[PDB]
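Enquirer: Okay, so here is model.cif, and as you'll see once you scroll down, it has mmCIF, C-alpha atoms and all ligand atoms.
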data_input
loop_
_atom_site.group_PDB
_atom_site.id
_atom_site.type_symbol
_atom_site.label_atom_id
_atom_site.label_comp_id
_atom_site.auth_asym_id
_atom_site.auth_seq_id
_atom_site.Cartn_x
_atom_site.Cartn_y
_atom_site.Cartn_z
ATOM 1 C CA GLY A 1 -14.627 12.132 14.209
ATOM 2 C CA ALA A 2 -17.206 9.377 13.802
ATOM 3 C CA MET A 3 -18.942 7.401 11.050
ATOM 4 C CA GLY A 4 -22.390 8.915 10.564
ATOM 5 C CA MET A 5 -21.182 12.232 11.966
ATOM 6 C CA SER A 6 -18.202 13.662 10.071
ATOM 7 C CA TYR A 7 -17.992 11.034 7.283
ATOM 8 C CA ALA A 8 -20.024 8.172 5.805
ATOM 9 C CA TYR A 9 -17.377 5.439 6.226
ATOM 10 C CA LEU A 10 -13.921 5.176 7.739
ATOM 11 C CA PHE A 11 -11.625 2.871 5.783
ATOM 12 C CA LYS A 12 -8.430 1.888 7.639
ATOM 13 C CA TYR A 13 -5.509 1.061 5.310
ATOM 14 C CA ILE A 14 -2.152 -0.448 6.156
ATOM 15 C CA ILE A 15 0.857 -0.090 3.869
ATOM 16 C CA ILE A 16 3.356 -2.960 4.083
ATOM 17 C CA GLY A 17 6.417 -4.065 2.163
ATOM 18 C CA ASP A 18 10.240 -4.123 2.324
ATOM 19 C CA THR A 19 12.327 -1.131 3.320
ATOM 20 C CA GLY A 20 12.890 1.440 0.557
ATOM 21 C CA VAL A 21 10.102 0.212 -1.746
ATOM 22 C CA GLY A 22 8.392 3.587 -1.369
ATOM 23 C CA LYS A 23 5.503 3.197 1.103
ATOM 24 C CA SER A 24 5.967 6.577 2.803
ATOM 25 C CA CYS A 25 6.528 8.425 -0.472
ATOM 26 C CA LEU A 26 3.314 6.897 -1.895
ATOM 27 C CA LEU A 27 1.409 8.176 1.143
ATOM 28 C CA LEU A 28 2.951 11.669 0.969
ATOM 29 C CA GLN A 29 2.294 11.891 -2.783
ATOM 30 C CA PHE A 30 -1.306 10.880 -2.048
ATOM 31 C CA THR A 31 -2.046 13.390 0.705
ATOM 32 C CA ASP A 32 0.347 16.218 -0.200
ATOM 33 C CA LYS A 33 1.201 15.790 -3.907
ATOM 34 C CA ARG A 34 4.880 16.109 -2.889
ATOM 35 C CA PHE A 35 7.768 13.712 -3.618
ATOM 36 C CA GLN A 36 10.310 13.040 -0.857
ATOM 37 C CA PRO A 37 13.667 12.161 -2.528
ATOM 38 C CA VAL A 38 15.334 11.101 0.727
ATOM 39 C CA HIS A 39 14.804 7.697 2.397
ATOM 40 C CA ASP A 40 13.722 8.470 5.949
ATOM 41 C CA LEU A 41 13.357 5.045 7.526
ATOM 42 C CA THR A 42 9.935 4.629 9.134
ATOM 43 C CA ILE A 43 10.150 3.131 12.607
ATOM 44 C CA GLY A 44 6.866 3.094 14.586
ATOM 45 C CA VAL A 45 3.584 3.333 12.694
ATOM 46 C CA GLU A 46 3.014 6.750 11.144
ATOM 47 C CA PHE A 47 -0.585 7.824 10.515
ATOM 48 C CA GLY A 48 -1.730 9.545 7.347
ATOM 49 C CA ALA A 49 -5.341 10.453 6.532
ATOM 50 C CA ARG A 50 -7.378 11.986 3.743
ATOM 51 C CA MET A 51 -11.019 12.538 2.795
ATOM 52 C CA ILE A 52 -12.137 11.079 -0.484
ATOM 53 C CA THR A 53 -15.360 10.837 -2.477
ATOM 54 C CA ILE A 54 -16.811 7.451 -3.408
ATOM 55 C CA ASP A 55 -20.268 7.150 -5.033
ATOM 56 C CA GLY A 56 -20.869 10.761 -3.971
ATOM 57 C CA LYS A 57 -20.215 9.915 -0.327
ATOM 58 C CA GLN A 58 -17.544 11.343 2.007
ATOM 59 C CA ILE A 59 -15.190 8.613 3.135
ATOM 60 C CA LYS A 60 -12.171 9.126 5.380
ATOM 61 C CA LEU A 61 -9.098 6.995 4.748
ATOM 62 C CA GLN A 62 -7.005 6.274 7.847
ATOM 63 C CA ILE A 63 -3.643 5.100 6.629
ATOM 64 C CA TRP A 64 -1.097 3.207 8.704
ATOM 65 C CA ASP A 65 2.380 3.601 7.220
ATOM 66 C CA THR A 66 4.659 0.896 8.666
ATOM 67 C CA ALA A 67 8.341 0.003 9.030
ATOM 68 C CA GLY A 68 9.842 -2.094 6.254
ATOM 69 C CA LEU A 69 13.237 -2.390 7.999
ATOM 70 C CA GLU A 70 13.362 -5.776 9.716
ATOM 71 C CA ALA A 71 15.389 -4.284 12.589
ATOM 72 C CA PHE A 72 12.530 -1.864 13.381
ATOM 73 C CA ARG A 73 9.588 -4.258 12.772
ATOM 74 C CA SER A 74 7.680 -5.583 15.778
ATOM 75 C CA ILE A 75 7.141 -9.332 16.147
ATOM 76 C CA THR A 76 3.647 -8.390 17.342
ATOM 77 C CA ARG A 77 1.602 -7.969 14.175
ATOM 78 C CA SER A 78 -1.301 -6.383 16.033
ATOM 79 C CA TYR A 79 -1.510 -3.285 13.827
ATOM 80 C CA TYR A 80 -3.162 -5.325 11.038
ATOM 81 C CA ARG A 81 -6.401 -5.668 12.957
ATOM 82 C CA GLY A 82 -9.287 -3.521 11.736
ATOM 83 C CA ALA A 83 -7.789 -2.770 8.320
ATOM 84 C CA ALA A 84 -10.358 -2.742 5.505
ATOM 85 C CA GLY A 85 -7.545 -2.480 2.947
ATOM 86 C CA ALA A 86 -3.839 -3.205 2.594
ATOM 87 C CA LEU A 87 -1.386 -1.707 0.143
ATOM 88 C CA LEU A 88 1.303 -4.337 -0.389
ATOM 89 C CA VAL A 89 4.298 -2.691 -2.005
ATOM 90 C CA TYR A 90 7.442 -3.802 -3.805
ATOM 91 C CA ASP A 91 10.167 -2.057 -5.803
ATOM 92 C CA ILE A 92 10.003 -2.958 -9.527
ATOM 93 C CA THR A 93 13.794 -2.394 -9.645
ATOM 94 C CA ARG A 94 14.593 -4.809 -6.812
ATOM 95 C CA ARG A 95 13.829 -8.486 -7.258
ATOM 96 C CA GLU A 96 14.308 -9.307 -3.558
ATOM 97 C CA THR A 97 11.404 -7.048 -2.522
ATOM 98 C CA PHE A 98 9.181 -9.020 -4.936
ATOM 99 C CA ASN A 99 10.426 -12.355 -3.563
ATOM 100 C CA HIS A 100 9.387 -11.270 -0.040
ATOM 101 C CA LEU A 101 5.752 -10.789 -1.104
ATOM 102 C CA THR A 102 4.701 -14.320 -0.217
ATOM 103 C CA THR A 103 5.842 -13.791 3.373
ATOM 104 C CA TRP A 104 4.272 -10.320 3.671
ATOM 105 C CA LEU A 105 1.015 -11.758 2.283
ATOM 106 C CA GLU A 106 0.989 -14.696 4.706
ATOM 107 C CA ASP A 107 1.804 -12.282 7.555
ATOM 108 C CA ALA A 108 -1.070 -10.066 6.439
ATOM 109 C CA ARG A 109 -3.693 -12.767 6.122
ATOM 110 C CA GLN A 110 -2.740 -14.552 9.338
ATOM 111 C CA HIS A 111 -3.281 -11.408 11.411
ATOM 112 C CA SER A 112 -6.151 -9.839 9.536
ATOM 113 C CA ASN A 113 -9.516 -10.641 7.967
ATOM 114 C CA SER A 114 -9.879 -12.758 4.814
ATOM 115 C CA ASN A 115 -12.152 -9.794 4.057
ATOM 116 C CA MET A 116 -9.367 -7.289 3.635
ATOM 117 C CA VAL A 117 -9.063 -5.801 0.164
ATOM 118 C CA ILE A 118 -5.408 -6.132 -0.857
ATOM 119 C CA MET A 119 -3.886 -3.839 -3.489
ATOM 120 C CA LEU A 120 -0.517 -5.069 -4.803
ATOM 121 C CA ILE A 121 1.691 -2.192 -5.938
ATOM 122 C CA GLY A 122 4.826 -2.331 -8.071
ATOM 123 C CA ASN A 123 6.356 1.065 -7.286
ATOM 124 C CA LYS A 124 9.152 3.091 -9.008
ATOM 125 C CA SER A 125 7.753 2.528 -12.507
ATOM 126 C CA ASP A 126 9.646 5.675 -13.545
ATOM 127 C CA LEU A 127 12.933 3.773 -13.250
ATOM 128 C CA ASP A 128 12.318 1.602 -16.315
ATOM 129 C CA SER A 129 15.997 1.204 -17.215
ATOM 130 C CA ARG A 130 16.505 -0.460 -13.814
ATOM 131 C CA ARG A 131 13.423 -2.698 -13.921
ATOM 132 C CA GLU A 132 14.025 -6.176 -12.460
ATOM 133 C CA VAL A 133 10.423 -7.397 -12.279
ATOM 134 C CA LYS A 134 8.131 -7.637 -15.319
ATOM 135 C CA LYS A 135 4.683 -6.042 -15.030
ATOM 136 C CA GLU A 136 3.292 -9.503 -15.925
ATOM 137 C CA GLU A 137 4.870 -11.027 -12.788
ATOM 138 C CA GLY A 138 3.064 -8.623 -10.495
ATOM 139 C CA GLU A 139 -0.149 -9.127 -12.482
ATOM 140 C CA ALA A 140 0.185 -12.899 -12.045
ATOM 141 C CA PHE A 141 0.993 -12.771 -8.310
ATOM 142 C CA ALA A 142 -2.117 -10.620 -7.794
ATOM 143 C CA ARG A 143 -4.379 -13.001 -9.769
ATOM 144 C CA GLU A 144 -2.952 -16.067 -8.070
ATOM 145 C CA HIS A 145 -3.670 -14.598 -4.638
ATOM 146 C CA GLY A 146 -6.888 -12.674 -5.257
ATOM 147 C CA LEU A 147 -5.318 -9.224 -5.113
ATOM 148 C CA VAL A 148 -5.761 -6.128 -7.269
ATOM 149 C CA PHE A 149 -2.587 -4.855 -8.966
ATOM 150 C CA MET A 150 -1.172 -1.527 -10.134
ATOM 151 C CA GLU A 151 2.298 -0.124 -10.980
ATOM 152 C CA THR A 152 2.990 3.348 -9.579
ATOM 153 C CA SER A 153 5.601 6.071 -9.336
ATOM 154 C CA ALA A 154 5.587 8.156 -6.164
ATOM 155 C CA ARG A 155 8.136 10.310 -7.965
ATOM 156 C CA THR A 156 6.034 11.298 -10.971
ATOM 157 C CA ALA A 157 2.680 10.530 -9.210
ATOM 158 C CA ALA A 158 1.693 7.988 -11.858
ATOM 159 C CA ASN A 159 -1.276 5.875 -10.645
ATOM 160 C CA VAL A 160 -0.762 7.040 -7.051
ATOM 161 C CA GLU A 161 -4.220 8.593 -6.704
ATOM 162 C CA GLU A 162 -5.695 5.551 -8.425
ATOM 163 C CA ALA A 163 -3.881 3.110 -6.116
ATOM 164 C CA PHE A 164 -5.546 4.577 -3.033
ATOM 165 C CA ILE A 165 -8.898 5.437 -4.657
ATOM 166 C CA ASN A 166 -9.308 2.089 -6.445
ATOM 167 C CA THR A 167 -8.664 0.294 -3.166
ATOM 168 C CA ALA A 168 -11.565 2.197 -1.610
ATOM 169 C CA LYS A 169 -13.786 1.482 -4.633
ATOM 170 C CA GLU A 170 -13.044 -2.186 -4.139
ATOM 171 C CA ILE A 171 -13.950 -1.993 -0.423
ATOM 172 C CA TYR A 172 -17.120 -0.024 -1.255
ATOM 173 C CA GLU A 173 -18.215 -2.601 -3.857
ATOM 174 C CA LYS A 174 -17.540 -5.381 -1.381
ATOM 175 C CA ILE A 175 -19.573 -3.994 1.528
ATOM 176 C CA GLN A 176 -22.451 -2.325 -0.276
HETATM 177 N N1 LIG A 201 12.570 7.124 -8.615
HETATM 178 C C1 LIG A 201 11.747 6.826 -7.595
HETATM 179 N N2 LIG A 201 12.192 6.844 -6.341
HETATM 180 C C2 LIG A 201 11.230 6.523 -5.442
HETATM 181 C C3 LIG A 201 9.911 6.206 -5.695
HETATM 182 N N3 LIG A 201 9.227 5.938 -4.514
HETATM 183 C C4 LIG A 201 10.137 6.090 -3.584
HETATM 184 N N4 LIG A 201 11.374 6.458 -4.072
HETATM 185 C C5 LIG A 201 12.590 6.699 -3.286
HETATM 186 O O1 LIG A 201 12.935 5.492 -2.616
HETATM 187 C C6 LIG A 201 13.408 5.785 -1.277
HETATM 188 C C7 LIG A 201 12.530 5.091 -0.249
HETATM 189 O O2 LIG A 201 11.272 5.765 -0.109
HETATM 190 P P1 LIG A 201 10.357 5.443 1.131
HETATM 191 O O3 LIG A 201 8.982 5.817 0.724
HETATM 192 O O4 LIG A 201 11.001 6.132 2.265
HETATM 193 O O5 LIG A 201 10.327 3.904 1.327
HETATM 194 P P2 LIG A 201 9.662 3.127 2.487
HETATM 195 O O6 LIG A 201 9.063 1.936 1.841
HETATM 196 O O7 LIG A 201 8.695 3.989 3.210
HETATM 197 N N5 LIG A 201 10.859 2.685 3.443
HETATM 198 P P3 LIG A 201 10.780 2.249 4.975
HETATM 199 O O8 LIG A 201 10.138 0.886 5.084
HETATM 200 O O9 LIG A 201 12.206 2.057 5.455
HETATM 201 O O10 LIG A 201 10.029 3.340 5.699
HETATM 202 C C8 LIG A 201 13.466 7.308 -1.166
HETATM 203 O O11 LIG A 201 14.790 7.754 -1.498
HETATM 204 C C9 LIG A 201 12.447 7.768 -2.206
HETATM 205 O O12 LIG A 201 12.750 9.049 -2.731
HETATM 206 C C10 LIG A 201 9.458 6.194 -7.032
HETATM 207 O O13 LIG A 201 8.330 5.936 -7.449
HETATM 208 N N6 LIG A 201 10.456 6.524 -7.942
HETATM 209 MG MG MG A 202 8.618 4.466 5.194
#
Written as structure tokens, how would this file's structure read?

Expert:
Amino acid sequence: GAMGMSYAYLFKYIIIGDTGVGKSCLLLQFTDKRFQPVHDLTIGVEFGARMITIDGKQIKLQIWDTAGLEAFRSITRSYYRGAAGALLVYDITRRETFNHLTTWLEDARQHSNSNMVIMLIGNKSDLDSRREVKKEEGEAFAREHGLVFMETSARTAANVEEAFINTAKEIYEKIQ
């Protein structure tokens, strides 16, 4: 397809974060409204895509789902380039995935535009009894670094639509 032919804008997203935080399940819940209970480790980039409506216009999201597993991750961070948005994801039940955010963020901004809209996502909000990271901590990291923030559950679909749609609304407001 092409912008000005089969859609008004194409917004490229990348989804980054530690292994098991729920990147792939967020994507699948977004496009297919299905929850995948098994952890299938992503290795190369996997592409997802969906049409959305923003301000009455047809926008296509091209979504690059990436490997969290360090053993599978390339040292060449070339797949950042061209992304209008990034979904930066951690597991609210696993403190270490939150501690790695600084490095993911640095990685993201060193190989992408300062332009890029970054949505910080605390996923697995359905597992409240196992919470290790306060909602306030994710809120504060976002503010401190000029990100938007949302907690989601790929399992129950809570805020999943909003995570992807609000990212696009942010991009839209930025560029027009
Ligand atoms: N309870 C619950 N489990 C979730 C949620 N999101 C993902 N999971 C589970 O967590 C595991 C990891 O999901 P996955 O999306 O594969 O994570 P990933 O970030 O893509 N991992 P990788 O980087 O290795 O590809 C799966 O077993 C999945 O079912 C959620 O919101 N709630
Ligand atoms: Mg994955």

Enquirer: Build an axis-aligned box that encloses every atom of ligand LIG 201 (chain A) listed in the file, pad it by 3 Å on each side, and report its centre and edge lengths in Å to one decimal, as lines of an AutoDock Vina configuration file.

Expert:
center_x = 11.6
center_y = 5.0
center_z = -1.5
size_x = 12.5
size_y = 14.2
size_z = 20.3

Enquirer: Could you tell me how far CA of residue 44 in chain A sits from CA of residue 146 in chain A, in Å to one decimal place?

Expert: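 Atom-to-atom, CA of residue 146 in chain A to CA of residue 44 in chain A, that is 28.8 Å.
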
Enquirer: Just say which residues the PyMOL selection byres (((not hetatm)) within 7 of (chain A and resi 201)) picks in this file, as a PyMOL selection string.

Expert: chain A and resi 17-26+35-43+66-69+123-127+152-156

Enquirer: Looking at only C-alpha atoms and all ligand atoms, which of A:79, A:141, A:104, A:47 is the one that sits closest to ligand MG 202 (chain A)?

Expert: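 Smallest separation from ligand MG 202 (chain A) among the options: A:47.
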
Enquirer: Any idea what's packed within 10 Å of residue 120 in chain A, counting only C-alpha atoms, ignoring anything in its chain fewer than 2 positions away? Could you give it as a short mmCIF file (atom, residue, chain, number, x, y, z; two decimals) with C-alpha atoms, in the coordinates of the input?

Expert:
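What landed in part09.cif:
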data_model
loop_
_atom_site.label_atom_id
_atom_site.label_comp_id
_atom_site.auth_asym_id
_atom_site.auth_seq_id
_atom_site.Cartn_x
_atom_site.Cartn_y
_atom_site.Cartn_z
CA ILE A 16 3.36 -2.96 4.08
CA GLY A 17 6.42 -4.07 2.16
CA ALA A 86 -3.84 -3.20 2.59
CA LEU A 87 -1.39 -1.71 0.14
CA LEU A 88 1.30 -4.34 -0.39
CA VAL A 89 4.30 -2.69 -2.00
CA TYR A 90 7.44 -3.80 -3.80
CA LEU A 101 5.75 -10.79 -1.10
CA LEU A 105 1.01 -11.76 2.28
CA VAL A 117 -9.06 -5.80 0.16
CA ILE A 118 -5.41 -6.13 -0.86
CA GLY A 122 4.83 -2.33 -8.07
CA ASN A 123 6.36 1.06 -7.29
CA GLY A 138 3.06 -8.62 -10.50
CA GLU A 139 -0.15 -9.13 -12.48
CA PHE A 141 0.99 -12.77 -8.31
CA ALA A 142 -2.12 -10.62 -7.79
CA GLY A 146 -6.89 -12.67 -5.26
CA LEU A 147 -5.32 -9.22 -5.11
CA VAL A 148 -5.76 -6.13 -7.27
CA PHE A 149 -2.59 -4.86 -8.97
CA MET A 150 -1.17 -1.53 -10.13
CA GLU A 151 2.30 -0.12 -10.98
CA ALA A 163 -3.88 3.11 -6.12
CA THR A 167 -8.66 0.29 -3.17
#

Enquirer: On this structure, the PyMOL selection byres (((chain A and resi 60) around 10) and not hetatm) would catch which residues? List them as an mmCIF file with C-alpha atoms, in the coordinates of the input, sorted by chain and number.

Expert:
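Everything below was put into out21.cif:
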data_model
loop_
_atom_site.group_PDB
_atom_site.id
_atom_site.type_symbol
_atom_site.label_atom_id
_atom_site.label_comp_id
_atom_site.auth_asym_id
_atom_site.auth_seq_id
_atom_site.Cartn_x
_atom_site.Cartn_y
_atom_site.Cartn_z
ATOM 1 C CA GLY A 1 -14.627 12.132 14.209
ATOM 2 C CA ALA A 2 -17.206 9.377 13.802
ATOM 3 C CA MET A 3 -18.942 7.401 11.050
ATOM 4 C CA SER A 6 -18.202 13.662 10.071
ATOM 5 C CA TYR A 7 -17.992 11.034 7.283
ATOM 6 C CA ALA A 8 -20.024 8.172 5.805
ATOM 7 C CA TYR A 9 -17.377 5.439 6.226
ATOM 8 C CA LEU A 10 -13.921 5.176 7.739
ATOM 9 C CA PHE A 11 -11.625 2.871 5.783
ATOM 10 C CA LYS A 12 -8.430 1.888 7.639
ATOM 11 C CA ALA A 49 -5.341 10.453 6.532
ATOM 12 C CA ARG A 50 -7.378 11.986 3.743
ATOM 13 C CA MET A 51 -11.019 12.538 2.795
ATOM 14 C CA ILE A 52 -12.137 11.079 -0.484
ATOM 15 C CA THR A 53 -15.360 10.837 -2.477
ATOM 16 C CA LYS A 57 -20.215 9.915 -0.327
ATOM 17 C CA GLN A 58 -17.544 11.343 2.007
ATOM 18 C CA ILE A 59 -15.190 8.613 3.135
ATOM 19 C CA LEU A 61 -9.098 6.995 4.748
ATOM 20 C CA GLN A 62 -7.005 6.274 7.847
ATOM 21 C CA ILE A 63 -3.643 5.100 6.629
ATOM 22 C CA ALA A 168 -11.565 2.197 -1.610
#

Enquirer: Find, counting all atoms listed in the file, the residue in A:121, A:14, A:73, A:173 that gets nearest to residue 91 in chain A.

Expert: A:121

Enquirer: Tell me which of A:55, A:107, A:162, A:46 sits closest to residue 81 in chain A, counting all atoms listed in the file.

Expert: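 Distance minimum relative to residue 81 in chain A lands on A:107.
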
Enquirer: To one decimal place in Å, what is the distance between CA of residue 132 in chain A and CA of residue 95 in chain A?

Expert: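 Separation of CA of residue 132 in chain A and CA of residue 95 in chain A: 5.7 Å.
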
Enquirer: Which distance in Å separates CA of residue 108 in chain A and CA of residue 84 in chain A, to one decimal?

Expert: 11.9 Å

Enquirer: Check the smallest atom-to-atom distance from each of A:75, A:32, A:48, A:136 to ligand MG 202 (chain A) using only C-alpha atoms and all ligand atoms, then report the winner.

Expert: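 Looking only at the distances to ligand MG 202 (chain A), the closest residue turns out to be A:48.
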